[PDB]
């Protein structure tokens with residue numbers, strides 16, 4: 001399905017640290033960037049996620065803060 | 001200050017399209033990826049930021065969803 | 001793309017409140033319930049959304065709070 | 001309290017998945033719709049939530065995305 | 001309504017910066033702390049918010065990040 | 001780093017509830033107020049957080065709702 005979210009970044013799953021209700025999925029999206037996503041275990045199974053899966057990090061623009069040194 | 005957020009991606013501001021109270025800053029984070037950030041104009045003033053500034057897109061892991069094809 | 005968000009509620013657009021950069025879209029999801037979503041006007045244009053369009057309200061489980069009535 | 005969040009959908013809890021710190025409450029809100037909510041275990045205790053309790057899924061308008069079929 | 005969000009901080013509104021669809025309200029929550037909230041102008045109308053209003057800053061635990069000094 | 005987030009409230013950690021992937025850190029921020037924050041266990045290690053650490057609750061303005069009686 002097509003999503004309204006402005007951040008939709010392709011990457012590959014390089015870690016999945018499983019837990020009770022939630023889990024943390026890490027995507028390498030190129031450029032030496034990794035995005036970590038905390039989602040429910042139910043979703044990790046439902047989408048089939050495994051180390052090496054192709055995926056997208058989806059982030060709403062209002063979820064992004066800016067920082068500087 | 002050092003932040004708990006799992007996602008802290010360094011990038012350069014490639015555009016900043018202003019609006020009334022809010023504003024949308026776009027960061028090139030390398031690998032040809034861009035992050036769009038909606039933050040209040042007060043913060044855009046306070047942090048300085050100009051097209052070409054070094055900055056960070058900071059995203060909490062709980063803000064990221066995963067999608068697949 | 002298929003999404004990890006546990007809440008993906010089918011509905012029809014019943015209103016679109018335009019603004020300069022943003023807008024408020026309301027979806028009738030059946031059962032007499034409506035969802036409101038604040039998204040960028042750019043996404044509403046790019047997505048084709050119009051009053052009467054079929055769409056989905058997509059919500060992450062961590063974004064939802066639970067409430068109970070004042071007498072519980 | 002009366003809450004600023006734009007989405008407040010009434011329903012009955014059909015499951016509560018307990019975990020270490022967090023848990024998932026599922027609401028039937030009628031019309032064949034269910035909302036899943038990930039909240040802390042402390043709130044599920046304090047709110048008295050049990051299977052069959054009447055409750056509300058509360059969602060900010062800014063937390064909702066729109067999707068369409070491609 | 002009774003709320004699951006653990007952060008429910010009583011305070012008084014000290015300013016309201018109005019905008020097109022949304023607006024920013026600032027609350028004094030005691031201890032010398034101020035919390036800023038961006039919510040739709042529709043909710044600021046519906047709750048009647050004014051400088052001097054009693055209100056609550058409501059924040060979900062999953063929205064709060066932790067920071068420390070270098 | 002200097003952050004765009006409107007809410008940065010100084011406090012001391014009063015408990016830390018450990019979990020699988022996440023944990024809940026509570027801050028005394030003065031005025032008898034406590035902020036509860038659910039963040040990843042990796043962030044809790046990395047920041048060194050212990051009961052009694054000085055820290056900040058950092059919250060985006062768009063994450064905050066208002067309620068009245």
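Computed quantities for the displayed model
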item: Chain C: relative contact order as a whole-number percent, Cα under 8 Å and 6+ apart; result: 37 percent
item: Burial ranking of peptide ranges A:7-15, D:22-30 (average Cβ count within 10 Å, highest at the top); result: D:22-30, A:7-15
item: Mean Cβ count within 10 Å, highest first, over the residues of peptides F:34-41, C:59-66, D:2-9; result: C:59-66, F:34-41, D:2-9
item: Peptide-level mean, for E:48-58, of C-beta atoms on other protein chains within 10 Å; result: 4
item: Average beta carbon contacts from partner chains per residue of A:9-20, 10 Å cutoff; result: 4
item: Dimensions (Å) - the range A:7-59, Cα atoms, principal axes, largest first; result: 32, 20, 15
item: Inter-chain Cβ neighbour average for residues E:21-31, partner chain, 10 Å; result: 6
item: Estimated distance in nm for a label pair at residue B:17 and residue F:28, the labels positioned 7 Å out from Cα along Cα-to-Cβ; result: 4.9 nm
item: Helical contribution to [θ] at 222 nm, DSSP H n ≥ 4, -39,500 (n - 2.57), averaged over chain C, rounded to 500; result: -2000 deg cm²/dmol
item: At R0 = 41 Å, FRET efficiency that the Cβ-Cβ distance of residue D:50 and residue E:69 yields, to 0.05; result: 0.40
item: Values of log10 I(q)/I(0), in the order q = 0.12, 0.27 Å⁻¹, for chain E under a Debye, Cα-only, solvent-free model; result: -0.35, -1.30
item: Chain D - percent relative contact order, Cα under 8 Å, separation 6 or more; result: 38 percent
item: Structure-based [θ]222 nm, chain D - -39500 (n - 2.57) summed over DSSP H runs of at least 4, per residue, nearest 500; result: -2000 deg cm²/dmol
item: Whole-angstrom gap from the range D:10-70 to the range C:5-72, using each part's C-alpha centre; result: 17 Å
item: Rg [Å, one decimal], Dmax [Å, integer] - the protein assembly as shown, C-alpha atoms; result: 19.7, 55
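Every residue, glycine among them, receives a Cβ derived from its backbone with ideal geometry; neighbour counts consider all protein chains shown. Computed from the coordinates by the stated procedures, all read-outs in this text should not be read as laboratory data.
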